[PDB]
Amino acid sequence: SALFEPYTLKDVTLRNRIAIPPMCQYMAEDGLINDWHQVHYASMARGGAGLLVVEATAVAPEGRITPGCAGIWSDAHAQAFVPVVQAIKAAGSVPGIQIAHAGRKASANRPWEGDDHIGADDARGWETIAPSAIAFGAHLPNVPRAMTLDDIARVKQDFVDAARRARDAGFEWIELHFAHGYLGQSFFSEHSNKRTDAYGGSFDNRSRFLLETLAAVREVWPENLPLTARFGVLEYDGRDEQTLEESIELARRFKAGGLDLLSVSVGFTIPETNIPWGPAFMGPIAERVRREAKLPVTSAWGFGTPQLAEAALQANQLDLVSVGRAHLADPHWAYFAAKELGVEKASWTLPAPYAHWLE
């Protein structure tokens, strides 16, 4: 089974091609993770996945999506992750983390508490920042303040400090969150970036925040550990041909800047889109990026069906298959997949106290 072939990138070897993508839990308090996360992550790692990327973790307080989001903006926050790293490693999985800034989509309620921007009179809210003072719209109507040059420098340094802290907590894999309409994505998109300074108004200028942040992180992130990013390569906004071409060119510049792997996603930059959700629908898009930018890739959205994951690998569309919601449903999904694909000794995807009895 292709799904259960190991993968080596820089000095890291994953025991199979199953990645658990970052999935926000909205259970942290003041950015500090806790027993929710400890058990959540440890149990999924014991489930058999080769790589577990911890949820979007804010580089600064205002870069949380919600009051429940994890953060890594202090040494105390980083220390909270050490036992998560240790539990993921002890299970034989590789610990990664996605570092993030929610930009104009920040200061929102948890998804089961409205999923919408926090109102001005709710004291839990905060002012958001973005390239330009333009709201997302729909359920996120709050207008962000347009970043100053000093804001840009500060946020870049927060990404650097977050990467340093992740490194020192023991993570072996980092992912910069430049997707899903949050701050990085919103610098790249002409929908959200109307700046006329060095950070807007041309392809080079829109790319600048992302490339400068990558370069700054590259200085502190060890060269022998995968340096990755998530990036929305189209929006399904009627501009897909031009947007995909620019996105692939940016991916080439990411490669030139030392990026080891790209997690290929959708922009979600604006609500006025027509995204064709369906099983493995990203597969052909990820393949195009992989081939044209000559970069390893992962993608997601529907690969909880083991045969879809296997097919995508065999077709050389992906190097790793990210499986999210199926692992919320079943933390041992990798074992389920091993069985479904007829892997020999499938139960030994799990640790012995389970594997012995499930043989």
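Here, rigid core means the biggest group of C-alpha atoms that superpose within 1.5 Å across both forms. Start at 1 with the first residue shown and count on from there.
Comparing 300-308 with 38-46 by root mean square Cα distance to the shown form in 6 other deposited structures of this protein, with the rigid core used for the fit, gives 300-308 as the more displaced stretch. Taking only CA atoms, the mean B-factor in the PDB entry is higher for 265-273 than for the other of 265-273 and 171-179. The PDB entry records a higher mean C-alpha B factor for 137-145 than for its counterpart among 80-88 and 137-145.
For the set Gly184, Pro131, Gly96, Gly119, the PDB entry puts the maximum C-alpha B factor at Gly119.
Looking at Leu14, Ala346, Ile20, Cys24, the one whose CA carries the top B-factor in the deposited record is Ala346.
Annotation for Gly63: CA B-factor lies in the lowest third of the chain's modelled residues.
Per the PDB record, residue ranking by Cα B-factor puts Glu292 in the highest third of the chain. The entry lists a Cα temperature factor for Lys105 that places it in the middle third of the chain's modelled residues. In the deposited entry, the Cα temperature factor of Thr228 places it in the lowest third of its chain's modelled residues.
Ranked against the other modelled residues of its chain, the C-alpha B-factor of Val220 as given in the entry falls in the middle third.
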